[PDB]
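> sequence first, structure after; it's an experimental one.
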Amino acid sequence: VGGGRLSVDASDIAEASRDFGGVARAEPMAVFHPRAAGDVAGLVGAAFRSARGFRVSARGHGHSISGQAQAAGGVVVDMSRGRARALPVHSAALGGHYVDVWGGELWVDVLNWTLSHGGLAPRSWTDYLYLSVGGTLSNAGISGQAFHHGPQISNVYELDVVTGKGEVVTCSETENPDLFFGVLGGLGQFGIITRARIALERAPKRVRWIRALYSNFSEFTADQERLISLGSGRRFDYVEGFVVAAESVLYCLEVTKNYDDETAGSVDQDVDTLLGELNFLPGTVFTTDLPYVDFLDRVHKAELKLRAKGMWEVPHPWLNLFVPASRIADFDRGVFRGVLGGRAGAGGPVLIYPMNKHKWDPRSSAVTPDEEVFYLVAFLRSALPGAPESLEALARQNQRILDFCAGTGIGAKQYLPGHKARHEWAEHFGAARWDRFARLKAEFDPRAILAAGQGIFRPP
Ligand SMILES: *Cc1cc2c(cc1C)nc1c(=O)[nH]c(=O)nc-1n2C[C@H](O)[C@H](O)[C@H](O)COP(=O)(O)OP(=O)(O)OC[C@H]1O[C@@H](n2cnc3c(N)ncnc32)[C@H](O)[C@@H]1O
Ligand SMILES: O=C(Nc1cnns1)Nc1ccccc1CCO
């Protein structure tokens, strides 16, 4: 336990009993507030040595949908609560800068820290910055930059991990690689990340942010696929998209072009040349020019508007799927024009954009479809508050989408999976990856103390 403290404070318990999903409510016995990595090791070590064992889960910002950060009758480690920060460091071997961050650090605070110490910033993002480093690294961490730099799990040099035996282990591609690759995308199963060594680049100053409309899905996806194949060279720095509710279906392409004081003179010509090659509906180009930080933090501004309208602290029955590019047209037909019938019926934004599998290390625990180009399709649903029928309808719509994928053999894979059924986890991973996942579990968390809320292994 060391410098850290155990808390049975009512508000601490209440927060550790809830997440962004707003449904799962498993209460821990206590909330642990560590001062350092050693405190986390002491607590996990005490759980591993105890006769009965007890559940231990790290909580980042509690952005999980289905109780993944919850520890029923156990201890929730509040990693993100404020508790010495390492400055960025340049390596001539890596050919750039890295920075060591506490595992519970929010990406927003990492960004503010790196910009203030050399105008540096991480290369790979999430659309929302109030997420912990350990939380997104336990999943993948994706946004519109992932097609080029890969997800956040492809932009980490090293980790310190407290295993399910309470041992502090430093790992990287060349040091304890099984733990390193096991933890990256590992759903908190093999240890708690107390340190992550993040790749950095010189941050641009400004962003040209563009949106354009399409009515033809083949032309929309052909343009997204062409844009993500660039830069192997003139390209957009971010590529996303979303399905537009008409109240015939519309699609919106979202791209950006980053610039600084030096490149400001070529930005307008670069954007025009890239747009001139696209097939969006004429006269539907919407442009904004804004500082880099303001673009990165755009989702937080939307959050503030939702909180003011009492539309933030509502159930969020999200569904995030990775769909192979070869079946994206069938998905659009079956889901966007079928299950949804072209209708707001989704209960929130429906994001759609492709990524390149080659930017994803095949050794990590992350599960992607068995194809080079795949899409993220994100149903970012909000149920109406006080309306149980709203959550029932959206949960049923998620089940139909999964049933349509399984029924038509679309090799889709859930991102942030909420399976909680043995044969379904085995189907999610596939034979070879499941055997490796189970073997890593026997090695690093044999008692299944960690991240029991994921519902993969039988916990104490
Ligand atoms: C709420 C939300 C989530 C979100 C998003 C926008 C919002 C409003 N935008 C995302 C995006 O653009 N791209 C992306 O990849 N994910 C996005 N998300 C989802 C988000 O990544 C996940 O919710 C993720 O879980 C991170 O959120 P958070 O940091 O709050 O973590 P958590 O929910 O508490 O715990 C998640 C799991 O990881 C384990 N855990 C937590 N910290 C650690 C450490 N340090 N080491 C190891 N495991 C850890 C938890 O126990 C849990 O299983
Ligand atoms: O939640 C968002 N983006 C938001 C925009 N406005 N409110 S949320 N993304 C997300 C959420 C969960 C998983 C993956 C993703 C990445 C999609 O790029």
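It's in. Numbering: from 1, shown residues only. Ligands and ions are numbered 1, 2, ... in the order given.

> now the helices for the stretch 201-350 of the chain?
Applying DSSP state H, counting those that start in this stretch to the stretch 201-350 of the chain gives helices spanning 217-228, 267-276, 292-296, 298-308, 328-331.

> check which helices and strands the third one is in contact with.
Think helix 292-296. For helix 292-296, the packing partners by 3 or more C-beta pairs under 8 Å, 6 or more residues apart in numbering; DSSP states H and E come out as helix 107-116, strand 206-214. In short, each C-beta sits where N, CA and C put it, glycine included.

> and among those, the most buried is which?
For the helices and strands packed on helix 292-296, the largest average neighbour count (mean count of other C-beta atoms under 10 Å) is found in strand 206-214, namely a mean of 21.

> for the chain, which residue gets nearest to ligand 2?
Residue nearest to ligand 2 within the chain: residue 127 (3.6 Å; C-beta to the nearest ligand atom).

> that older thread, format the helices of the stretch 201-350 of the chain as JSON lines; extra columns: distance to residue 250 and mean neighbour count.
Below are the helices of the stretch 201-350 of the chain laid out as JSON lines (distance: least, C-beta to C-beta, whole Å; neighbours: other C-beta atoms under 10 Å):
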{"stretch": "helix 217-228", "distance to residue 250": "9", "mean neighbour count": "19"}
{"stretch": "helix 267-276", "distance to residue 250": "18", "mean neighbour count": "13"}
{"stretch": "helix 292-296", "distance to residue 250": "23", "mean neighbour count": "18"}
{"stretch": "helix 298-308", "distance to residue 250": "20", "mean neighbour count": "12"}
{"stretch": "helix 328-331", "distance to residue 250": "16", "mean neighbour count": "19"}
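
> quick one: those as CSV, columns for distance to ligand 2 too.
Compiled in CSV, these are given as follows (distance: least, C-beta to the nearest ligand atom, whole Å):
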stretch, distance to ligand 2
helix 217-228, 13
helix 267-276, 21
helix 292-296, 12
helix 298-308, 5
helix 328-331, 16
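
> what's the first-to-last distance across stretch 138-145?
In stretch 138-145, first residue to last residue: 19 Å (C-alpha to C-alpha, to the nearest Å).

> how far away from the center of its chain is that stretch?
Stretch 138-145 has its C-alpha centroid displaced from the chain centroid by 4 Å (C-alpha atoms, centre = their mean, to the nearest Å).

> hmm, it touching ligand 1?
Yes - counting by C-beta under 6 Å from any ligand atom, contacts between stretch 138-145 and ligand 1 involve 138-143.

> what's the burial count for residue 333?
13 (other C-beta atoms under 10 Å).

> same check on residue 169?
By other C-beta under 10 Å, the residues close to residue 169 number 19.
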